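Q: Encoded as structure tokens, here's the structure I'll be asking about.
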Amino acid sequence: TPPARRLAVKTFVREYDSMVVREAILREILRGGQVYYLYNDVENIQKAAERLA
DNA sequence: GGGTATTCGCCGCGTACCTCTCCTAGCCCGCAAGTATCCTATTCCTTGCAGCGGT
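So this is what it looks like as structure tokens:
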């Protein structure tokens, strides 16, 4: 049930694309919110974060 | 042509009864059963450099 203003989290299952990631992150940033970017690999998480930067 | 000889291939080789063993190889496909990497707890310790009493 509610909490009242919960909104139907939209699900998109896309093949990986740099443009899609950039567009989503910029859309969230321009909104003022925050993005979770789940990588789930501590070995290469530093490289992944550096590349996303 | 043809009468003859020579070869080649097919057909055939008893009855009755008793004991025993053994009747495809291999592939495939799905079950299912047993394994290498990722986070939050745990027990395992061994160094590096500055304070610091003390004289």
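First residue of the first sequence? That's 778 in UniProt numbering, and the numbers climb one at a time after it. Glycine is no exception: its CB is placed at the ideal position from the N, C-alpha and C atoms.
Checking 8 Å against the spacing of the C-beta atoms, do residue 822 and residue 812 come in under that value?
A: Contact check for residue 822 against residue 812 fails: the beta carbons are separated by 8 Å or more.
Q: Just to confirm before moving on: does the CB-CB distance between residue 797 and residue 791 stay below 8 Å?
A: yes
Q: Look at the alpha carbon of residue 793 and the alpha carbon of residue 820, and state the distance between them as a whole number of angstroms.
A: 20 Å
Q: Could you tell me which of 828, 807, 810 and 806 sits nearest to residue 816, measuring between CA atoms?
A: Minimum Cα distance to residue 816 is reached at 828.
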